[PDB]
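Scroll down for the structure; my scribbles are underneath it.
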Amino acid sequence: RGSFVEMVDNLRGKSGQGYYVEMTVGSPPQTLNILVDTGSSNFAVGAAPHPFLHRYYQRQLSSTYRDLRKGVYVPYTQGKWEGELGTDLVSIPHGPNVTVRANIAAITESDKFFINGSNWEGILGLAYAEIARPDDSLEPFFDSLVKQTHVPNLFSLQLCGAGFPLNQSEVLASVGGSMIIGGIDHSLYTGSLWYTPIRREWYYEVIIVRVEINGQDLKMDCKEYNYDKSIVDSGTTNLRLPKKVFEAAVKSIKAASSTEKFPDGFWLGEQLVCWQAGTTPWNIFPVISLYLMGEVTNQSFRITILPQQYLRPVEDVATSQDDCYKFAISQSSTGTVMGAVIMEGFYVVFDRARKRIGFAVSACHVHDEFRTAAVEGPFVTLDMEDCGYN
Ligand SMILES: NC1=N[C@@H]2CC[C@H](NC(=O)c3cccc(Cl)c3)C[C@@H]2CS1
């Protein structure tokens, strides 16, 4: 019955623009909004004016700033930045009551990284040292936090999708979810928490052992589901699937929803589809179940998501009264990515101390009168470690 009221509701944002938490850096404290990112391992903040930044880190104004006299260059598939490494004192106001000295990449140049109107000015990489830039000697924030305090080595995330689009006033005003640092808040989920092992501590890597679309088995060699890895990543919008899986899944989703036909651009994730107010035909779209390796030998469990999760609400071009959505599943050449739109269905427990990730149905997940998201088990499943790619 852990309650963490200082932390409940400490997030804002939306799957399309990222979820962020308020943080302070430096002495006296400089307030910044920071993207919560389980798919990376650098704490990096805007440190120089940029047209899309409303504020930034001013190292010269901080008496506790330490310069590491080393640059870092961080290119992504889309976008990139460069920065200067340093350390400073850092707190999370709606977090545990602690201040820690942590590595900070002070971003001085960037290209297609900051997003007009995102409302965040930096990123908090919550994954492990192995994928930190420049190399694995740069201790990640969470590692400093646990080393320097008594905060238990665990965090949990409830990302709350509205189920409808939010204009910028609403998105600033609305509670977007909870990051619970050092614990599990029982009010953020229903049902049981089920756990999957962290396969290796770099990304939050997991193993998927079966996929179903409306109960029907996708029936691929399970290695395909994890080629070349499967990760849980709050800093990616979509559910991303390896090319072959993506194709198979889209074929199956088209077939189940085939009473209605959509543009190729919809399935490519590029164009919106709109229905008359209140008439979105949720029931024609299938549920998607991912089975994950369990903690017990030969046992798995499954998480089930709705189209309310994988159809991302977007504002109309004509700005009409229609309910509009983009298809939030896309192909990946870097393995499966369980992005923000999947995490919106679940309360996700990143149990680093026990090297496992928990899932439970989210208390804030969007659904309808007839179906809800689910986390169910156990299932007898054999040869699961063979699903892992090498
Ligand atoms: N996990 C990853 N992290 C890095 C840094 C965050 C960035 N994400 C965003 O800007 C962003 C933009 C809009 C929505 C969301 Cl959820 C995130 C991606 C890259 C590559 S993948």
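Start at 1 and count along the chain as shown; that gives each residue its number.
The header says X-ray crystallography, 1.9 Å.
Using the three backbone atoms N, Cα and C, a Cβ is placed for every residue, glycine included.
Per Swiss-Prot, these features apply:
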DOMAIN    19-360  domain 'Peptidase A1'
ACT_SITE  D37  active site
MOD_RES   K70  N6-acetyllysine
CARBOHYD  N97  N-linked glycosylation site
CARBOHYD  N116  N-linked glycosylation site
DISULFID  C160-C364  disulfide bond
CARBOHYD  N167  N-linked glycosylation site
MOD_RES   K219  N6-acetyllysine
DISULFID  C222-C387  disulfide bond
MOD_RES   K223  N6-acetyllysine
MOD_RES   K229  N6-acetyllysine
ACT_SITE  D233  active site
MOD_RES   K243  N6-acetyllysine
MOD_RES   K244  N6-acetyllysine
MOD_RES   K251  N6-acetyllysine
DISULFID  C274-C324  disulfide bond
CARBOHYD  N298  N-linked glycosylation site
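Everything Swiss-Prot records as a feature, shown here on the structure.
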residue : record                      : Cβ neighbours (10 Å)
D37     : active site                 : 23
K70     : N6-acetyllysine             : 12
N167    : N-linked glycosylation site : 9
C222    : disulfide bond              : 22
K229    : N6-acetyllysine             : 19
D233    : active site                 : 23
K243    : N6-acetyllysine             : 12
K244    : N6-acetyllysine             : 14
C364    : disulfide bond              : 19
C387    : disulfide bond              : 24
## Note on the structure
Spacing of the two Cα atoms, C364 (disulfide bond) and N298 (N-linked glycosylation site), in whole angstrom, works out to 31
### Task
Show which residues of the chain containing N298 (N-linked glycosylation site), separated from it by at least 6 in sequence, have their CB under 8 Å from its CB.
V380, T381, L382, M384
### Task
Determine, using Cα-Cα distances only, which of these recorded positions is closest to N167 (N-linked glycosylation site): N97, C222, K223, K244.
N97
### Summary
recorded positions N116, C160, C222, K243, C324 vs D37 (active site), shortest C-alpha separation belongs to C160
### Task
Return the residue, from the listed modified residues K219, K223, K251, with the maximum count of other C-beta atoms within 10 angstroms of its C-beta.
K223
### Task
Could you list, ordered by sequence, which of these recorded positions: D37, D233, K244, have a Cβ under 6 Å from ligand 1?
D37, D233
### Summary
glycosylation sites considered: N97, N116; fewest surrounding Cβ atoms within 10 Å belongs to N116
### Message
Nearest of the recorded positions to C324 (disulfide bond) by CA-CA distance, picking from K229, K251, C387?
### Response
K251
